[PDB]
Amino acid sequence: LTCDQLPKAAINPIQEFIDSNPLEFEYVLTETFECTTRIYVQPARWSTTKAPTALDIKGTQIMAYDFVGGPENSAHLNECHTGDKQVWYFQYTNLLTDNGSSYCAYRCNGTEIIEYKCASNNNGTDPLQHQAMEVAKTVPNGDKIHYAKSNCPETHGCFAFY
């Protein structure tokens, strides 16, 4: 199985993601997204693209990406500080269940996987999440995929921020 053959699941309407906020990453590929909270935001009233935004928040640092849909259930992200473009897909989504929300998303470079973001608001207890992680680690470079919350800084009174 190669990265290009992973499922490209249908992307739920943006409000379902917004209604899932806040989410935390459970499994990621590089260290960049360890100990990270994800927030979805509707487009600004003054946005001329009317693209929503994904926020990756790690302590006091934040990466933001406006995004729009592309071919084959892709999400085309525009990293807001650089203008750098990224193409993402979802392995699966399972939003707004009785046990909350989870999803796993990935970024390929051809047959190899180069980034992975499994998110939840239920501390990784959706059986679909563990299962997707086990499939993703079988694609080339999937060996890098690992638990995102092993060594996170202590909190100071909040729950999704530190």
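All residue numbers are counted from 1 along the displayed sequence.
Student: For the C-alpha atoms alone, is the average B factor greater in 19 to 27 or in 149 to 157, going by the entry?
Tutor: According to the entry, 149 to 157 carries the higher average C-alpha B-factor.
Student: Given the B-factors recorded for C-alpha atoms, which segment has the greater mean, 30 to 38 or 123 to 131?
Tutor: Higher mean C-alpha B-factor in the PDB entry: 123 to 131.
Student: Against its chain's modelled residues, does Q86's Cα B factor rank lowest, middle or highest third?
Tutor: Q86: CA B-factor falls in the middle third of its chain.
Student: Which third, lowest, middle or highest, does the CA B-factor of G70 fall in along this chain?
Tutor: Middle third - that is where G70 ends up once the chain's C-alpha B-factors are sorted.
Student: Which third of the chain does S47 land in by C-alpha B-factor: lowest, middle or highest?
Tutor: Its C-alpha B-factor belongs to the highest third of this chain's values.
Student: Going by the CA temperature factor in the PDB record, which third of the chain does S102 belong to: lowest, middle or highest?
Tutor: Within its chain, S102 is a lowest-third residue by C-alpha B-factor, going by the deposited values.
Student: Considering every modelled residue of the chain and its Cα B-factor in the PDB entry, is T93 in the lowest, middle or highest third?
Tutor: As the PDB entry reports it, the C-alpha B-factor of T93 lands in the lowest third of its chain.
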